[PDB]
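**Q** Structure for the following, please:
(chains A, B and C)
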Amino acid sequence: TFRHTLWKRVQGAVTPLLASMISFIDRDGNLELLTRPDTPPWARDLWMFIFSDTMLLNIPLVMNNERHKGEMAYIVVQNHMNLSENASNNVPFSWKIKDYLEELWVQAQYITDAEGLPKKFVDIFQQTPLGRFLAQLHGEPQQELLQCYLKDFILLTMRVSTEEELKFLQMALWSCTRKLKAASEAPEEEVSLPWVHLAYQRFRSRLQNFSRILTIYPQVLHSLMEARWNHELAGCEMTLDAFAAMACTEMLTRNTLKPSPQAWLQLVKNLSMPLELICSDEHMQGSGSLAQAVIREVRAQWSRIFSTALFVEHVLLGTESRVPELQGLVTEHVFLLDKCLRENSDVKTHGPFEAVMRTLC
Amino acid sequence: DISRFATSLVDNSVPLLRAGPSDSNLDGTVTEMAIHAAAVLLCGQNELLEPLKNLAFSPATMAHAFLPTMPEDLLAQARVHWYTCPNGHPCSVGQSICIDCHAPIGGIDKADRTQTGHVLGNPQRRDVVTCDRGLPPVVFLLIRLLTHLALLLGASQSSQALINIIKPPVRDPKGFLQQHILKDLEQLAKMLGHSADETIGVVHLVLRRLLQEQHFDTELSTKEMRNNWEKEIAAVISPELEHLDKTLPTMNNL
Amino acid sequence: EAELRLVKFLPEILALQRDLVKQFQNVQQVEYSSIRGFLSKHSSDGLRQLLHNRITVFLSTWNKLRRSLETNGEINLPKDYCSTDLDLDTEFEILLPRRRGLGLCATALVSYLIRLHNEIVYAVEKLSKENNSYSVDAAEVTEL
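**A** Residues are numbered from 1 along each chain as shown, chains lettered A, B, ... in the order given. And now the structure:
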């Protein structure tokens, strides 16, 4: 019939268009944030607000009619964030929100100097319809949205494997942005998504070396959980990186030569670089008093374990791989250096200097 | 040839100088290198450096033969998983399908990229030495320099063949060799560490030890025997440069 | 070391690829062959400046290596691509890492850079005798 011909013709101009339009609403599993009762009201509200605007989420008109016969290359819905099955990004339309915030930050950066950025960029975001929409939201939903968004941003811009690591980075960035808001002449009354970016533009190296520490020593679970429980993370400045450094140096000083000698030395040289940065001043510019205190002892233990690393580096391996007669003295002498430098191992002082040389003699 | 070059030199009929030579304080330098190299060519009769005579005096010999010490494809000695699909699209995923046009190849042959002649790029931008096929950069670079000066001599005495053997097309084929030897001696000064004239004397010794050895392939048919000829000439050139700790004070004192 | 010191520019150009692959919603063709014209038609001047810095870095690291890429690559690039010193006024298809055509240049460069890094890391793999398979893929590649 002619009526069915018309029906098919109109089902020949919406199907490609609907397929294209879905690609911007089902990216990283955004759809499952609508058909789930556990989603908070602000989730659906923000989803609808983001979807309703056409300039903020501009979907480019794709013309699927002027191309030569190709292959199986249908509309490709890309997933930036590698999620689990039937998973969803915490904040609705996380990728587009991140891109919009990044481009606003770029505009504010190239239009202002290094000093006007923190306030001009926040105000520019506030002038956005999205900015005033989040200004409408207040109270506990604002905090929940902030936690969800800063949990989403780490997944966007990093690579994480375990959810416990994800929580570690989540509270690390939470404390970082809380500290950055503390030095912003503003009280705890309000907080905005912009700051989550600004912290990442300030302490990027800190979270980077944190990630490298957690990826070079994969068993952060027990040690970091005990460090967090026995020593709470209270404080504006994010100290979880320093606390992880303390735990790492502690249980690596515990198992001096317990694993394979060459393997133990290998792990020491892999982790040498990150704790080398973390004990360096060039990263602890804005650290708090407690952080500046704990880094001193973590650097002392790093120096002691570096000395033990030099002891195990050659005094047995390099040439005593042939002859095993001195392996007993080598095995016991690391413990004697331990018993000589329990507390003060700073080779910069004449006392421990002469102690180390006398022990080696 | 000896007498004819002597006659051309006494009455200023030298093919190199045509009232348009290099005007810096280096035309004389390249001229002394050229005279010394030509003397090594005409005095020597060994087949090891016979390709040098074929390159200089008879440019038609290398109008088709592989000119040595040139960018050569490394895909000749033999794994990084870059396999081109039959339709011409590379793939790297380790019976799969190609990432483009989904060719039924993969898993869930002559690769000749080497060229002939003077494939070297513009000498103006060249600051990296290329150590290849087990040749230390010293002997490799010295062979590079002697090849450049021999080609300059050949182009001066026989233009059209060497104009047709170079792949980069230039309107002054003899013109850019002056800055070629410029950059070559500059990187010699940087790498060796001697003075410019001291490096000139070192090159003099290197090219003289070819003449003082009067005890394989003649036209360098293909790439592998050309590399073999590099191998057998490097072993002869090297010991004199290894004994540069004592010859340097000697040359300084002379 | 002369060409190994250019591995440090690997992440930036990689972002330049990604910030195109995501940004380019397929219009089925390449526009007029001019990067500078592409920046001229680009909307915002801030992203214009960012993309300008990125293309300048990419062209600088490409010109210095195209002669190397002419013979040291593992894919048969036609000799005409690695012949001239490309600039910001060349064809825009270079930036897109297409597996066939002009884009095959850019991809090739990236490949070489990867083969420039892991290979020397391969030497470390021949020294310690214990392999740390910390093999990050070419989307998490950073300054680390």
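
**Q** Now do the contacts for residue B:47.
**A** Residue B:47 is in contact with B:216, B:218, counting by Cβ atoms under 8 Å, 6 or more residues apart in numbering or on different chains. C-beta here means a position set from N, CA and C on the backbone, and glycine is covered the same way.

**Q** again, only this time at 10 Å
**A** Residue B:47 is in contact with B:53, B:216, B:217, B:218, counting by Cβ atoms under 10 Å, 6 or more residues apart in numbering or on different chains.

**Q** Three-state assignment for the last one, please.
**A** When the structure is split into helix, strand and coil by DSSP: H, G, I helix; E, B strand; the rest coil, residue B:218 lands in coil.

**Q** and residue 166, how many residues sit next to it?
**A** Just going to use chain A. 14 (other Cβ atoms under 10 Å in any protein chain shown).

**Q** Actually, chain B is the one I wanted.
**A** Using other Cβ under 10 Å, residue B:166 is surrounded by 17 other residues.

**Q** Can you give me every residue that contacts the residue nearest to it when sequence neighbours are not counted?
**A** Residue nearest to residue B:166 in three dimensions, not counting chain neighbours: residue B:118, with 4.1 Å by Cβ to Cβ, 6 or more residues apart in numbering or on different chains. Applying Cβ under 10 Å, 6+ apart to residue B:118 gives the contacts B:62, B:67, B:70, B:147-148, B:151, B:155, B:162, B:165-168, B:173.

**Q** So which bits of the stretch 51-200 of chain B are right by chain C?
**A** Listed as neighbours of chain C in the stretch 51-200 of chain B under the rule Cβ under 10 Å from any Cβ of the partner chain: B:70-75, B:79-85, B:87-92, B:98-101, B:111-115, B:119-122, B:125-130, B:167-168.

**Q** Cross-check these against chain A and keep the overlap.
**A** Taking Cβ under 10 Å from any Cβ, the overlap between these and the neighbourhood of chain A is B:98, B:100, B:101.

**Q** most neighbours, which of those?
**A** Compared across those, residue B:98 has the highest neighbour count, 22 neighbours, by other Cβ under 10 Å.

**Q** For the residue of chain C most remote from its centre, which residues are in contact?
**A** Centroid-distance maximum for chain C: residue C:129 at 32.0 Å, with Cα atoms, centre = their mean. Residue C:129 makes contact with A:262, A:263, A:266, according to Cβ under 10 Å, 6+ apart.

**Q** between the ones next to chain A among the residues of the stretch 51-200 of chain B next to chain C, which is nearest chain A?
**A** Comparing these against chain A with Cβ to the nearest Cβ places residue B:101 closest, at 5.5 Å.

**Q** Please look at that closest one and residue B:90 and confirm they touch.
**A** No: applying Cβ atoms under 10 Å as the test, residue B:101 and residue B:90 come out as separate, 11.9 Å apart.

**Q** Now do the shared contacts for the two.
**A** With Cβ under 10 Å, 6+ apart, residue B:101 and residue B:90 have common neighbours C:99, C:100.

**Q** rewinding a little: looking at the contacts of residue B:118, which are in helices?
**A** B:147, B:148, B:151, B:155, B:162, B:165 (DSSP state H).

**Q** in what helix or strand does the residue nearest to residue A:135 when sequence neighbours are not counted lie?
**A** Once flanking residues are discounted, residue A:135 sits nearest to residue A:126: 6.6 Å by Cβ to Cβ, 6+ apart. Using DSSP states H and E, residue A:126 sits within helix A:117-127.

**Q** Next, the angle helix A:117-127 makes with the very next helix or strand once past that helix.
**A** Later in the chain than helix A:117-127, the nearest helix or strand by DSSP H and E is helix A:129-136. Angle of helix A:129-136 versus helix A:117-127, following axes from the mean of the first three to the mean of the last three Cα atoms, to 10 degrees, is 90 degrees.

**Q** Let me know the secondary structure of residue B:21.
**A** With three-state DSSP as the basis, residue B:21 sits in coil.

**Q** Phi and psi next, for it.
**A** Main-chain torsions, residue B:21, degrees, to the nearest 10: phi -80, psi -170.

**Q** any idea how far the nearest residue to residue B:227 once chain neighbours are set aside lies from chain C?
**A** Setting aside the residues directly before and after it, residue B:227 is nearest to residue B:133 in space (Cβ to Cβ, 6+ apart), at 5.1 Å. Here the criterion is Cβ to the nearest Cβ, to the nearest Å. By it, residue B:133 lies 13 Å from chain C.

**Q** Can you point out the helix or strand that includes residue B:133?
**A** Using DSSP H and E, residue B:133 falls outside every helix and strand.

**Q** my guess is it contacts residue B:77, does it?
**A** Yes: here residue B:133 reaches residue B:77: they are 8.1 Å apart, a contact under Cβ under 10 Å.

**Q** ok, those two, which is more surrounded?
**A** Just comparing residue B:133 and residue B:77: by other Cβ under 10 Å the higher neighbour count belongs to residue B:133, 16 against 6.

**Q** Relative to residue C:48, how far out is residue C:54?
**A** Distance, residue C:54 to residue C:48, by Cβ to Cβ, to the nearest Å: 11 Å.

**Q** again, but for residue A:344
**A** Using Cβ to Cβ, residue A:344 is found at 58 Å from residue C:48.

**Q** What residues does chain C have near chain B?
**A** Contact residues, chain C versus chain B (Cβ under 10 Å from any Cβ): C:1-3, C:63-64, C:66-68, C:70-77, C:79, C:82-83, C:85, C:98-101, C:104, C:107-108, C:111-112, C:114-115, C:118-119.

**Q** Could you pull up the residues touching residue B:74?
**A** When contacts are counted by Cβ under 10 Å, 6+ apart, residue B:74 touches B:113, B:114, B:132, B:133, C:71, C:72, C:73, C:74.
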